[PDB]
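The structure under discussion appears below in the form of structure tokens.
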Amino acid sequence: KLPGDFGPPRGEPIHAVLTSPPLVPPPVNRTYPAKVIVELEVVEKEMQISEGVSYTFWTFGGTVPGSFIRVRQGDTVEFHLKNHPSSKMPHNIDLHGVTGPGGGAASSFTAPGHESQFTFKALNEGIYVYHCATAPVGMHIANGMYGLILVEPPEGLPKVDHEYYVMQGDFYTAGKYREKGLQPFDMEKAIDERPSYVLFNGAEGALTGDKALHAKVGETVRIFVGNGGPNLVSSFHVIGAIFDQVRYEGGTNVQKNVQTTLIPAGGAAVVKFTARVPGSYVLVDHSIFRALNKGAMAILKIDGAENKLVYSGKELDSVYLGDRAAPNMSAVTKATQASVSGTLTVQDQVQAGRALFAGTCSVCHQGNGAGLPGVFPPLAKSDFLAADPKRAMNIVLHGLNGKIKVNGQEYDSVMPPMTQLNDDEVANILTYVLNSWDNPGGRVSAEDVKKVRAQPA
Amino acid sequence: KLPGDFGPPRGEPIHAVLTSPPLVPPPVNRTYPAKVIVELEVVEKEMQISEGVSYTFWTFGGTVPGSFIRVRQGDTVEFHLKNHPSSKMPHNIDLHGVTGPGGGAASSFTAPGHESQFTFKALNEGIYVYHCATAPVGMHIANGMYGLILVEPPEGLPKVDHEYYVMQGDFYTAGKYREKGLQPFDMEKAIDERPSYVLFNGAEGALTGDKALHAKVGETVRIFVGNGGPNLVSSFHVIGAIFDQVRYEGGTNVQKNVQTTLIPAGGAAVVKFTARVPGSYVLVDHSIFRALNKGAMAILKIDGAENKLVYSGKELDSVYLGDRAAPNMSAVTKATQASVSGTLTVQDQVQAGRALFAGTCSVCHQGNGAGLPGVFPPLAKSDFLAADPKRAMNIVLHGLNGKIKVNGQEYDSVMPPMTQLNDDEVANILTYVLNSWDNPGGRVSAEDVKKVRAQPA
Amino acid sequence: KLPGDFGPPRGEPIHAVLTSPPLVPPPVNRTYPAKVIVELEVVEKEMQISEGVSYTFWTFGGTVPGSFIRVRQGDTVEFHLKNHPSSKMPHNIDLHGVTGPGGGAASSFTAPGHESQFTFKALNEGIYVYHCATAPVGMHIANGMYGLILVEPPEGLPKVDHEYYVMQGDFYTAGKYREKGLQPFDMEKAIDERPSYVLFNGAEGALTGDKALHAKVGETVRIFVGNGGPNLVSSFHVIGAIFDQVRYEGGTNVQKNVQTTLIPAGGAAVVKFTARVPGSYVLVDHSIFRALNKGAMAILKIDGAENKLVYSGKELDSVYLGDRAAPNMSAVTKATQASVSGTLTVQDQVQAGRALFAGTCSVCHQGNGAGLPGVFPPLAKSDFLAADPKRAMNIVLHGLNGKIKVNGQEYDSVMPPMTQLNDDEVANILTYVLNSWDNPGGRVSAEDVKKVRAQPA
Ligand code: HEC
Ligand code: HEC
Ligand code: HEC
Ligand SMILES: [Cu+2]
Ligand SMILES: [Cu+2]
Ligand SMILES: [Cu+2]
Ligand SMILES: [Cu+2]
Ligand SMILES: [Cu+2]
Ligand SMILES: [Cu+2]
């Protein structure tokens with residue numbers, strides 16, 4: 001006997017309603033097997049992978065991850081793949097959970113402007129990755145061609161207050177992290193498994209700040225978590241909380257009460273969270289340079305009353321979250337576009353630098369630039385800064401140590417180098433500082449910084 | 001009390017019969033503990049890691065992975081290691097599952113032309129990796145010195161229709177992937193965990209095409225899956241199917257109904273599959289550049305009747321499998337040897353290029369070179385190709401975009417660069433194309449391509 | 001209802017007694033919830049990461065990993081973080097297991113010379129990583145800012161004979177492995193997840209030789225195993241044994257009878273071992289170049305009677321353990337310091353080289369330099385060595401093959417290159433050999449080797 005042996009499809013054919021991340025379709029709420037028609041369209045298009053950083057994504061349904069599909073174990077799924085006429089590449093699909101060679105791949109090969117279809121029975125309950133399976137497959141996956149299909153058990157999943165859709169991926173750009181412009185895919189980095197970005201939902205900040213997930217104290221939250229890869233395994237973790245349950249794919253095993261759990265490349269899990277105290281809870285890859293240096297952070301923000309008996313402390317801030325502990329960094333996008341257009345103003349730079357200063361510089365120098373007398377020197381009304389703006393460029397790029405005097409007080413400490421900041425970022429941060437806190441104004445350009453980087457002091 | 005406390009050995013001493021991958025010895029089918037004599041001989045020898053790519057493997061029993069050993073929990077194992085006189089290095093063994101320092105290592109040190117022996121009781125049921133433990137250990141493991149030992153539970157494993165033996169490893173050559181010739185081990189790549197090949201059973205294609213594993217619809221298949229490493233963790237997955245069961249080593253835990261599962265470096269698992277519909281099912285490392293760019297794919301081919309109610313679609317093809325969706329690529333081996341001998345003919349190149357064209361080029365240009373009018377230009381009877389063979393070399397290496405005219409029709413699309421193809425591969429593919437489909441014949445040499453690669457247009 | 005709902009704190013406030021690795025505080029042995037006051041002080045200081053290799057660690061309590069904290073589920077923990085006045089950086093803490101944003105991070109921000117405090121209820125039993133959460137977070141973690149907190153179940157863990165504390169981390173130095181001197185942190189290696197050292201407890205040899213963990217035949221050993229990362233996932237394994245139990249964090253799942261288990265970055269597990277036969281049992285990351293080329297090995301040494309019915313073989317030696325199968329390598333530290341001081345003697349070099357010869361050279365040439373006639377040539381009273389010391393430098397760096405004659409006998413084999421040895425290591429090893437076994441004495445300097453490395457023969 002095969003699994004999912006619930007008889008022939010009954011009722012009427014159902015046209016599946018698919019959702020865009022981070023949302024999920026409603027529970028199927030059905031006690032009979034059905035014929036479910038799924039229509040998914042591939043679109044190739046530029047989107048912002050980071051502020052001022054464009055990338056040509058290849059998408060299922062216009063998003064990364066692709067549209068979420070929700071069916072019932074025992075359903076017959078008639079799957080239609082369309083490839084938008086604007087596409088340059090052929091595409092196809094392999095749905096994990098399908099019983100059949102390639103998970104659908106051979107019968108879903110679809111050239112630009114064409115459509116394909118195939119039918120499969122969903123024998124297997126579980127959460128499953130789907131992805132493109134077109135040579136070169138790794139390229140297609142790296143460009144964003146992955147999503148999730150949920151095959152519900154016949155009785156449905158237990159009721160929760162919220163369901164969300166979060167999917168990790170590793171990305172490979174020719175340029176370095178936060179280097180502006182349209183970035184090509186980089187095959188060499190991809191083969192070496194050396195991503196420049198590691199993201200949830202296709203972009204830096206996709207699920208931070210004003211794009212956070214939400215719930216309230218006392219509520220339950222289910223998250224369908226995918227790892228599209230192509231290559232990385234996620235040390236998937238929630239900062240400041242625990243997972244009530246973690247279940248991989250359609251596995252019989254359910255782990256309970258864990259905070260950190262390994263999601264294979266191509267894998268998927270369902271996690272459950274119960275909100276207990278208010279604040280921001282961070283989903284990360286705890287291979288932690290991915291989370292805090294490459295973009296792999298997402299936020300579940302919980303509203304409600306503090307409970308001092310459980311936690312006396314404060315909400316997260318830029319010390320931990322960095323520059324993602326603001327609503328957004330739109331000013332960076334604006335400054336980058338103004339640079340391209342040749343219309344970059346001092347204020348454009350100031351606002352971009354303000355965004356970028358948070359965490360990156362404020363951890364030591366404070367959000368108001370005051371520092372801590374004798375420990376961290378001030379950027380506010382800083383004689384040392386004003387005396388030599390080129391020196392300040394060198395300090396950001398190359399660090400500073402040894403005894404200095406700032407505003408009449410001696411410091412004898414170490415500012416590490418910050419060479420990974422791009423020329424525009426250094427320029428904008430320093431322009432912000434110069435135009436704040438009674439400093440002398442003026443500006444630093446990306447070209448100024450490029451020159452200092454090419455010839456350290 | 002110790003585990004495996006089944007009393008002294010009884011009956012007669014048993015001389016273990018070991019098997020070469022991908023086969024397994026028969027079930028022990030025994031209700032009493034025995035003295036089991038195991039004899040394993042190390043052989044160092046060149047073998048083909050890929051077509052036309054030689055490597056000096058270090059082996060247990062002449063194969064990678066090494067010979068499979070099958071005993072019963074509670075057995076006393078008298079283990080004899082011989083090192084063939086042709087060896088240059090000393091060798092030894094650490095069997096996971098042994099209770100004792102080094103898993104046998106100190107007492108199994110064996111110089112070329114010598115033999116060692118030690119005795120251990122198999123206290124622990126499970127599937128376990130064994131490997132060489134001779135300084136530099138990572139080098140010995142990277143050269144192929146690993147295999148599996150099964151310690152059966154006293155009652156035996158449940159009956160299945162087929163048992164197979166599959167073992168992943170990461171390999172480190174001085175040359176790049178598919179660069180021909182005898183490739184040395186590369187210590188720097190190994191320390192950095194940057195393999196050039198990631199393989200099942202010691203070679204590209206070891207378990208694809210005419211070397212696939214076989215079963216029939218309705219049958220059960222058990223696979224003993226090892227990960228010799230040295231360094232990688234496998235996101236081990238079956239495309240188009242599910243694992244009924246996954247059990248790691250001798251663990252009490254058994255996961256059921258999962259498709260993707262993480263196998264540690266040095267780890268091993270037993271998986272179970274039930275054949276439901278015909279076609280090819282791909283075992284991969286779903287860190288997917290390993291599978292589709294470095295060789296980490298193996299096939300279980302299922303024969304029997306289609307069931308359109310479960311899967312309406314077609315068997316896998318070269319779009320997904322690439323150039324491994326043919327029986328073999330023997331023509332590549334032949335062309336490489338002819339190059340070495342100085343006897344390379346046009347036909348040698350043609351046949352090699354035919355093999356390599358599959359997936360790599362046919363995904364877009366089709367297996368008959370017809371392309372898709374207005375979308376993918378033809379290689380068949382291509383005026384554009386014929387007009388400038390050197391341009392064609394540049395297109396393969398460096399890509400092509402922008403408006404072109406081919407056979408009277410405009411194209412305005414993107415062919416990505418394929419710079420990872422080696423000079424001989426480009427040469428052979430283009431010679432195949434030139435000698436097909438009414439194209440003008442002639443040939444492209446590896447030296448021609450080398451020159452274009454050194455000076456792009 | 002919240003987990004850990006055992007009522008208000010009762011009894012007297014308890015001042016937690018924290019322990020330094022590899023030791024653990026006693027079981028809490030308490031049946032009521034308490035207010036537990038924890039005081040932890042950050043200290044930045046140089047320590048030896050390897051012999052003659054200094055590193056500026058950032059520590060919780062002066063050690064890597066940081067002091068171990070032990071409380072009971074349901075306790076109220078008043079956590080005090082002090083930052084020593086000598087610090088240059090601000091610091092804070094995120095304790096996994098805390099219910100609240102950042103695991104404490106925002107409320108524990110502590111500038112040099114300051115103190116912070118916050119209160120949390122331990123709702124969640126389990127073993128948990130704590131770490132610094134100060135921008136740049138990955139830098140702080142990479143510098144050593146991590147440890148473990150145990151939250152006991154209310155009834156306590158089962159009694160065992162020994163409890164130990166072992167924590168893996170990946171480290172990123174500007175210099176290569178075993179390159180001497182004060183090594184800076186290397187941000188580029190860290191972002192790329194390319195560590196130069198992978199260690200247990202903050203140093204090479206921290207838990208080997210005379211610093212091994214101890215137990216006796218018949219005893220049970222519990223190890224609290226952390227993985228601070230920042231980036232690597234451990235294929236955590238015990239050579240020559242098995243884990244009776246493995247439990248991750250506070251998970252309900254317990255795996256039994258496994259030898260190899262994957263610990264996520266930021267993860268923690270409790271393992272249990274039962275000593276059965278005497279000898280050294282090696283805890284490793286079985287991504288095995290980490291263990292045997294980067295330092296990721298620790299020893300549990302078991303004393304007691306051999307049991308030939310279970311294991312007939314010998315204790316581990318330098319073939320497997322390499323140069324860590326001696327009590328210590330103090331002579332390397334001494335030679336390095338003498339070099340710095342300009343007082344390096346021949347004997348200083350000899351003793352350092354003696355330490356380094358073990359495994360590295362003795363595997364083939366034997367500990368007495370005799371080799372194996374006709375198979376491995378002698379270093380003892382070697383005419384070939386004496387005839388050309390510069391040739392010997394080239395042989396170590398670059399290898400040797402082909403027919404040679406040594407002490408009247410022909411060899412025709414292969415000595416692989418050993419280019420990863422540093423100039424001082426080559427110099428000291430060869431000085432040891434030259435001053436042993438009736439060889440002619442004299443010395444080889446690091447400068448001599450530097451010259452040969454820059455111009456191979
Ligand atoms: C702590 C880890 C710091 C971070 C992050 C940043 N800075 Fe810093 N900065 C720090 C110290 C301890 C010092 C003094 C070094 C010494 O030799 O004692 C500095 C110094 C500066 C200066 C010069 C002095 C002054 O004007 O106050 C500048 C202009 C400066 N720092 C700028 C700066 C910016 C823009 C940062 C983010 C990109 C930044 N710093 C981070 C400590 C730390
Ligand atoms: C799709 C992803 C492709 C793959 C894989 C390969 N080619 Fe291609 N090729 C493709 C396109 C869209 C184009 C036209 C680009 C444009 O500017 O519009 C091309 C073009 C060629 C040509 C030149 C035109 C012609 O003769 O038809 C050649 C000679 C060619 N391609 C060869 C070729 C070979 C040998 C391939 C495998 C190594 C290969 N292509 C792959 C799309 C794609
Ligand atoms: C086995 C894998 C070896 C290890 C490890 C080391 N050596 Fe070696 N060495 C080995 C062989 C097989 C040979 C002969 C090569 C041949 O062409 O047949 C050698 C040779 C030497 C020599 C020269 C000959 C002699 O004096 O005996 C020297 C000086 C030498 N080896 C030194 C040496 C040192 C110092 C090592 C550790 C750093 C070392 N060898 C390791 C095999 C192996
Ligand atoms: Cu695609
Ligand atoms: Cu897949
Ligand atoms: Cu060996
Ligand atoms: Cu091992
Ligand atoms: Cu810190
Ligand atoms: Cu953490």
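Below, each value reflects all heavy atoms present in this structure, side chains not excepted, and no hydrogens, waters or symmetry copies. Each ligand, and each atom within it, is numbered from 1 in the order the structure gives. So you know, we letter chains A, B, ... as the sequences are listed, proteins then strands, and number each from 1.
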Tell me which N, O or S atom from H286(B) is the closest to the Cu ion (ligand 5).
NE2
Hey, can you tell me if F171(C) and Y55(C) have their rings parallel, tilted or perpendicular (30° and 60° cut-offs)?
perpendicular
Is [X] reaching over with its side chain to a backbone N or O of [Y], donor-acceptor style, under 3.5 angstrom?
| X | Y | value |
| --- | --- | --- |
| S116(C) | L81(C) | no |
| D170(C) | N231(C) | yes |
| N92(B) | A106(B) | no |

Measure from the Cu ion (ligand 5) to each N, O or S atom of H96(A) and report whether any distance is below 2.8 Å.
yes
Can you list, by chain and residue number, the protein N, O or S atoms under 2.8 Å from the Cu ion (ligand 6)?
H91(B) ND1, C132(B) SG, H140(B) ND1, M145(B) SD
Assess, by modelled atom type and distance only, whether the side chains of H237(B) and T260(B) contain a donor and an acceptor separated by less than 3.5 Å.
yes
Would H131(C) and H96(C) count as having a side-chain donor-acceptor pair, cut-off 3.5 Å?
yes
Taking salt bridge (charged side-chain N to carboxylate O under 4.0 Å, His left out) as the test, write out the residues that go with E193(A), two or more places apart.
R290(B)
